[PDB]
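The structure under discussion appears below in the form of structure tokens.
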Amino acid sequence: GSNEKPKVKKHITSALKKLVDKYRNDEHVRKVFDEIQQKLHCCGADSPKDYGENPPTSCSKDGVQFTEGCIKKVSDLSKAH
Numbered sequence: 040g041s042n043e044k045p046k047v048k049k050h051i052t053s054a055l056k057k058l059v060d061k062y063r064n065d066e067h068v069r070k071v072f073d074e075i076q077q078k079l080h081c082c083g084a085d086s087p088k089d090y091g092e093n094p095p096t097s098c099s100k101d102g103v104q105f106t107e108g109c110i111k112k113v114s115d116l117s118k119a120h
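This is the structure in structure tokens:
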């Protein structure tokens with residue numbers, strides 16, 4: 040019944056890994072991961088290969104490719120204050 044299990048910020052790495060995997064599973068995830076990928080200038084969860092060989096447009100911008108992950112990128116700004 041009563042069960043409160045919080046999630047640590049570091050857990051974001053676990054969710055991201057699943058997000059990139061469930062990209063073609065949920066539409067809401069695409070638009071979300073897409074906006075986050077651009078704003079964070081990253082591809083996939085831990086890498087662009089997570090998509091295979093054809094990542095979303097959010098992976099590129101202005102004709103450029105983002106050779107950086109999201110799990111690490113999110114941390115860069117996360118720790119930054």
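So the sequence shown is numbered by the working numbering: it starts at 40 and just counts up by one.
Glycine residues also receive a C-beta, built at the ideal position from the N, C-alpha and C atoms.
Within its chain, find whatever has a CB closer than 8 Å to the CB of residue i; leave out the 5 residues flanking it on each side and keep chain order.
i           : result
residue 154 : Since the first and last residues shown for the chain are 40 and 120, residue 154 lies out of range.
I110        : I51, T52, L55, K56, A84, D85
In terms of residues, what are the limits of the alpha helix (DSSP H) holding residue i?
i    : result
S41  : Where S41 is concerned, there is no enclosing alpha helix (DSSP H), given that its DSSP letter is neither H nor E.
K118 : 109 to 118
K57  : 51 to 60
Please go through the same chain and pick out, in chain order, the residues whose beta-carbon is closer than 7 Å to the beta-carbon of residue i, but skip the five residues on each side of it.
i    : result
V113 : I51, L79
Once the 5 residues before and after residue i are set aside, which same chain residues still bring their CB inside 6 Å of it?
i   : result
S97 : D73, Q76, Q77
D89 : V59, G83
Sequence ranges, alpha helix (DSSP H) only - wholly within the stretch 65 to 104, length at least 4: Taking 4 residues as the shortest admissible run, the stretch 65 to 104 contains the following complete alpha helix (DSSP H) segments, listed from N- to C-terminal end: 66 to 78.
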